[PDB]
Structure formats: C-alpha cells, structure tokens
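Worksheet: one structure, shown below.
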Amino acid sequence: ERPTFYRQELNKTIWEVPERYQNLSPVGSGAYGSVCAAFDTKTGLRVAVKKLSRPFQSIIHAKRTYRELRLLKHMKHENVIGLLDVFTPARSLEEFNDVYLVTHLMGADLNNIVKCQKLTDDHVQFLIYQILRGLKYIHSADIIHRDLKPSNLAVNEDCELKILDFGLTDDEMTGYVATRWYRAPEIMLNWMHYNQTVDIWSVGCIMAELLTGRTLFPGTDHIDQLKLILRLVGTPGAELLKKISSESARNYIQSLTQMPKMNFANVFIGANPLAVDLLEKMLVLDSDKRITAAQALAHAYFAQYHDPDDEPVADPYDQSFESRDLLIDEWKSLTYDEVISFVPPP
Ligand SMILES: C[C@H](CS(C)(=O)=O)Nc1n[nH]c2nc(Oc3ccc(F)cc3F)ncc12
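Under the entry's author numbering, the letters of the sequence shown match residues 4 to 171, 175 to 352, in that order.
As structure tokens, then:
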C-alpha cells in the first residue's frame, strides 16, 4: 500500500514525505544539495533525505536524474552510499515530477575532519582501506567515480566511511580550488580517454594529505598544478607521450624542462615506509601502470584490515542507456519505473 504523505516547507520548496520520516532538518548549508536529516520511525535509523531539484527540466537533466537513481539503486556496499528508500507523492506517471532519495545520515565529511592536521598512521590505514574497499566494488561494476575528494567522503564518529557522488563547470575548476587538487593530470588537461585509475590518483592525493595534514598538489591554476605534479613524479617519458592522443596537450608537455621523479621517502619524512611504497604505486603518471583498488587492498600497508573474503564485488551494471538518445518524457518514464520497482534492503 501507499503510505500517507505530509507537507512541509524546508529549502524554499514544499517537501512531501511519508509519515515514517519525522524531524526533517536541512543539513550541509546547501553544500550537499537539497538534503535534510530525518528520523526514520520504521527502521530507527537517522537518515539523509535528498530532494532532486527540477529533475526533468531538460533532456540533459532528465537523463542525469535517471543516471543518479540507477547508480544509487545498484550500490549495495558498506563503504558506498546506497538507497534505503526512494519515493514520490505521485500516484501516476502523469503526476510524477519530484524524486526523493533516502540514505544513511553520516556525521561529517572527511574534509571537515582532517582540519589542517596529521592523522595517526592507524587512522590513515583504516580510512584509506575503506575507500579502496568501496572503490574495488564501484570499479567492479565498470563505474568510475571521476571526482573523488575529501568532501564526498562521508564519515561517522567511529571513522566508518561511505563514498558519495560516484558516477556523476569550468569556473568552479578555475584557480586555487579544492575542486581540482585531487584530479589525475590526464583528466585535468583532457590528455586521453581516461579509465578507472583516475580514481586511484585521487586516493593517493587524499592519502598523502591525511599523512601530512597538507594538500599534496595545491595548484593556483591548471598549469601551476601540473608543474607541482611533475616535480614530484617526473616529466612523462616517450611511452606515455605516445598515449596522449591530444596533439595540443602532447606538444605543450614537450615544451617543459625534463625533471626526474623525486624520492618519496624524502618527500614524506617520518611516514611508514609501507605507506610511502603504496603512495609511489598510486601516484604514477602513466595511468596504465597505477595500482588498482583490488591490488592495493592486498598491499602490506593494509595487513591488519585486509580480508579477501570480505571485500565483495558488484553485480553487473547495465549502462547501455548512456549511449542512448531519448526524449524528456522517455527518460522520465524510465525513472518512474525505477522508483516504482524499488525494493528496500532488509
Ligand atoms: C556528509 C554529510 C554531513 S552533514 C550531516 O553535516 O550534512 N552527511 C550526509 N549523510 N548522508 C548524506 N547523504 C547525502 O546525499 C544523499 C545521497 C543519496 C541519498 F539517497 C540521499 C542523500 F541525502 N549528502 C550528505 C549526507
């Protein structure tokens, strides 16, 4: 049966939610989207409810709405944000115009936790382990996060971690901004068709920052950032240069004075030698040669957490819709079907 819904004004819009959800309260000061904390009286869980902003206003937006719902419905993993519930107050497709998504409420993001400070090596081990455990799962479904950074890593009091915003402008990537500091060079400057290992670069940047309390590559712009990157990892060799399909980018890279890879032990003074080794394997310029999430989990740095029988992979994820061209109402009908067919977790 259909639950009873009640109306409330929260984030300049009227939220219409099932009675089970009580004490709705906006969180994140707009940073996470139109999101409210709530108490789910049915499960006893503290939850986060996200209302999608004008989800079917254009073809691009309607497809994005479908994409996010498909992604959230697929993800069933401890270290990845998943769906506890999805609902609409609509009784039919013709009425359908709002989508509400429900997940676990997490106390903070990693960025607000790290607070300019060095973390203990054990804390770094545990946090990075969880990120890699989640990424192994995500990557096994042929999904790429693309924008992994401390602000989309949600963490509770016990340091338990869940990955937000997976699989989803020029101005906000401009300048001295955290929005670009964790990006692999190949994607930051559109060198080539990029793969899953862009996410591994990001983990390396995050891991280094947890170990030192400092941004690894705090570039003031795209060019400044590239120079910071290349000083640490060295300028590309001939092999990688061939792989830069963008003739323009390839030609610029060649104009830079060649630099050798630095000694990471001299860069990360005092750090666990195993952490240094892993950082070296993650922060490789050639993306073909970066360590994978599955491989990184088996690295000696995670000896006290690694368990090959407790690091699950995902069911197959059909993303053929990505190369499909449809009308707004067609994307909207596909979305409606996915809402209606939702089965809650036990
Ligand atoms: C990280 C943030 C910190 S807080 C409570 O200060 O806003 N807490 C959050 N816990 N759970 C969260 N979920 C989101 O986004 C959602 C993602 C998927 C959903 F189904 C529902 C959501 F609300 N954003 C944010 C959070």
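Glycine included, C-beta positions come from ideal geometry on N, C-alpha and C.
Quick check: does the Cβ of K53 come within less than 6 Å of any heavy atom belonging to ligand 1? yes
Distance, Cα to Cα, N155 vs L303? One alpha carbon belongs to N155, the other to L303, and they sit about 21 Å apart.
Using the Cα positions of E178 and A277, report the straight-line distance between them to the nearest angstrom. 33 Å
Limits of the unbroken beta strand (DSSP E) element including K295: No beta strand (DSSP E) contains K295, which DSSP labels as neither H nor E.
Less than 6 Å between the CB of residue 174 and some heavy atom of ligand 1, yes or no? Missing here is residue 174; the chain as given proceeds from 171 to 175 without the residues in between.
With a cut-off of 8 Å on the beta carbons, I'd call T341 and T68 a contact; round off their distance for me. With a Cβ gap of about 6 Å, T341 and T68 count as contacting.
Between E192 and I250, what straight-line distance do the alpha-carbon atoms span, to the nearest angstrom? 8 Å
With DSSP run on the structure shown, which of helix, strand or coil describes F348? coil
Quick one, which of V158, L284, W197 has its alpha-carbon nearest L246's? When each option's Cα is compared against that of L246, the closest is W197.
Which residue comes first and which comes last in the alpha helix (DSSP H) that contains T203? 203 to 218
Is it the case that the CB of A184 approaches a heavy atom of ligand 1 more closely than 6 Å? no
Any idea if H199 is buried or exposed, counting beta-carbon neighbours within 10 angstroms, 16 or more meaning buried? exposed
Alpha-carbon to alpha-carbon, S261 and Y307: Using only the alpha carbons, I get a separation of about 38 Å.
Of the residues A111, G85, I63, the one placed nearest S32, counting alpha carbons only: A111
Straight-line CA distance for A40 to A190? 33 Å
Let's see if you can read the secondary structure: which residues bound the beta strand (DSSP E) around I17? It spans 17 to 21 - the beta strand (DSSP E) in which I17 sits, taken as one unbroken run.
With a threshold of 16 other CB atoms inside 10 Å of the CB of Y132, please say whether the residue is buried or exposed. buried
Alpha carbon to alpha carbon, how far is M213 from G219? Give it in angstroms, no decimals. 10 Å
Should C119 go down as buried or exposed, given a rule of 16 or more other Cβ atoms within 10 Å for buried? exposed
Inter-residue Cα distance where the pair is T91 and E19: 8 Å
Taking Cβ positions, are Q25 and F42 nearer each other than 7 Å? Their beta carbons are under 7 Å apart, which means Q25 touches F42 by this criterion.
For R10: DSSP bridge partner residues: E19
What is the DSSP secondary structure of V127, reduced to helix, strand or coil? helix
Cα separation between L138 and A299? Each residue's Cα considered, the two are about 6 Å apart.
Is it the case that the Cβ atoms of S143 and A320 are separated by a distance below 7 Å? Closer than 7 Å, so yes.
Just the Cα atoms here: how many angstroms apart are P314 and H80? 15 Å
Neighbourhood of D227 by C-beta distance below 8 Å, restricted to the same chain and skipping five residues each side: Taken in chain order, the residues that qualify are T180, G181, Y182.
Three-state secondary structure (DSSP) at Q264? Coil.
If you compare alpha carbons, which of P318, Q301, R94 is closest to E4? With distances taken between Cα atoms, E4 lies closest to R94.
So, for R256: in the same chain, excluding its five sequence neighbours on each side, which residues have a beta-carbon less than 7 Å away from its beta-carbon? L247, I250
Which of helix, strand or coil does DSSP assign to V89? If DSSP states are grouped into helix, strand and coil, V89 belongs with the strands.
Which residue wins for smallest C-alpha separation from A157, given the options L151, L167, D150, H148? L167
Put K118 into one of helix, strand or coil per three-state DSSP. coil
Contacting residues, own chain, Cβ-Cβ under 8 Å from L280 (five flanking each side not counted): Contacts found: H305, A306, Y307.
Measuring straight from C-alpha to C-alpha, what distance separates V52 and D124? 34 Å
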